[PDB]
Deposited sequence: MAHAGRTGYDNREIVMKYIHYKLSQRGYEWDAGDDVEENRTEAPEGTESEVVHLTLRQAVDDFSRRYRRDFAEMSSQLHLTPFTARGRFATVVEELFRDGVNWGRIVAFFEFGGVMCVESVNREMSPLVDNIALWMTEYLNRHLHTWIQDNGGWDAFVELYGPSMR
């Protein structure tokens, strides 16, 4: 499995489902993630809605805001649900970057998500069965 491909295909899906074609953006993990993320957004739509309105996103503060939320999301540890929420939050910032006329941020956000998966979540994901376990548990 490829963390970068999973991030890239999700963002392209999230932005396309908001009417935007993201330029820079096995098959079962993408399908399972997109369904799990949609399920999470449905169940926590108010949190999704209020997260966009409270971001105060500028190119100067974008990374500090991304890192602060991701830090808090995994402060108490990692599970598959928080990983799904991690993807959904990354989608918020990408849609919000496009809405606020800051589409270049999508490529930076894609990189920050890939880095976090490669360097901080990778060991937990591998030790808890990898994405194979994720698709088995929820796909």
Take the full deposited sequence, match it to the modelled residues, and report the stretches without C-alphas.
1 to 8, 34 to 48, 163 to 166
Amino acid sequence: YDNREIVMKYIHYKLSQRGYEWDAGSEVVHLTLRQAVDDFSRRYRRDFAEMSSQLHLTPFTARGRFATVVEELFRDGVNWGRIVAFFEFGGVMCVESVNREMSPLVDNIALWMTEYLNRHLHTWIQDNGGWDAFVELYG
From here on, numbers count along this sequence of modelled residues.
Out of 51 to 59 and 68 to 76, which one has CA B-factors that are higher on average in the deposited record?
51 to 59
Avg C-alpha B-factor, entry values, 29 to 37 vs 110 to 118, higher side is 29 to 37
For the listed residues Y10, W22, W124, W131, which one has the largest C-alpha B-factor as given in the deposited model?
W22
